[PDB]
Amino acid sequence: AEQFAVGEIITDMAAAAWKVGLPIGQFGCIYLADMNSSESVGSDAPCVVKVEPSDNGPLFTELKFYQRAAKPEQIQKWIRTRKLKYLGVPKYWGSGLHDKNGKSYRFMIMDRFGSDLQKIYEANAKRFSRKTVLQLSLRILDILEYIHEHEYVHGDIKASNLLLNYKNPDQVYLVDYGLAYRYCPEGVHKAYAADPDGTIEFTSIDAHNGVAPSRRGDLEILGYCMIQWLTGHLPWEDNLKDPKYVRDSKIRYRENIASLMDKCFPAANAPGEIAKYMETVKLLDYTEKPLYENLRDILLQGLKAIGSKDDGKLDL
């Protein structure tokens, strides 16, 4: 059911005008978009428009995240004060309401990106280098600190939700906030309890226990991503139709991190920073603020160990 006539001009709530183009990648109802002009929206368009029915829960949740935490100035303010090269939270350009065929739709204008990391990962035979993984993880730590300090957790960090800057292949961005969770509304942390799951292979022990995600869970998810990226595998990958198996493995390997290193890496040739990252996350209570700079330090020690430095090069 077509939501737009191709090339039509749509006006957002702040009266900014946009033109709609073709769908991206033959990834659901997302289309190329540009500023209104006399030219057609081209295949090098710098924005996308996401469109779902107005009763779509996830789009409303995602829009609320973008309006509260991803305003171009809010981001740029943070980049200067923390002294970052960039921050991989996608920019929000506007949103509005669009009727078609007597149905109401919601739309949101975002940055357009290049390729997702999962596509690149599979093309490199399901491996990322130790250099790539550390540089990705440093930048993801910057993103998680930001969203966490703005009252949200992601709950679903993975290669397919990591997109490259369209014009810069060394900058990575975390997308999909449709099931993001505001863990700390008005600074009051949610209780250790359910709310009225993420991706099974990567999700947190907390999520497996049926409680709402928190900050430690995000860090833990990143942890499993690093092992998947480094080795091409996780121990529980043949049992993903059985959540209790996956939880059991995760609980046992959290309690004995050395056995996880033994299982996932050969020999006694496990990258030490990974074990250290996991131990640090293990110390966090459900409500506790992570010490993000100590986690970045642990990763930076890994870069030093391979004769490199945080030069921002993702090396893909």
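Residue positions are given as counts along the sequence shown, with the first one as 1.
Of the other compared PDB entries of this protein that include residues on both sides, all give residue 21 atoms, none of them, and so not a third, leaving it without. The modelled chain breaks between residue 26 and residue 27, where 1 to 3 residues of the deposited sequence lack coordinates.
The segment from residue 196 to residue 197 is interrupted, since 4 to 9 residues of the deposited sequence in that interval carry no coordinates. Comparing the deposited coordinates for 73-81 and 103-111, the stretch with the larger average C-alpha B-factor is 73-81. Higher mean CA temperature factor, per the PDB entry, when comparing 300-308 with 5-13: 300-308. Across 248, 39, 52, 62, the entry's maximum B-factor at the CA atom is seen for 39. Note on the listed residues 90, 187, 213, 96: the highest Cα temperature factor in the record is that of 187.
In the deposited entry, the Cα temperature factor of residue 121 places it in the middle third of its chain's modelled residues. Per the deposited record, the Cα B-factor of residue 166 falls in the highest third when ranked against the other modelled residues of its chain.
When the modelled residues of the chain are ordered by C-alpha B-factor, residue 241 sits in the highest third. Ranked by C-alpha B-factor against the other modelled residues of its chain, residue 192 falls in the highest third. Per the PDB record, residue ranking by Cα B-factor puts residue 58 in the lowest third of the chain.
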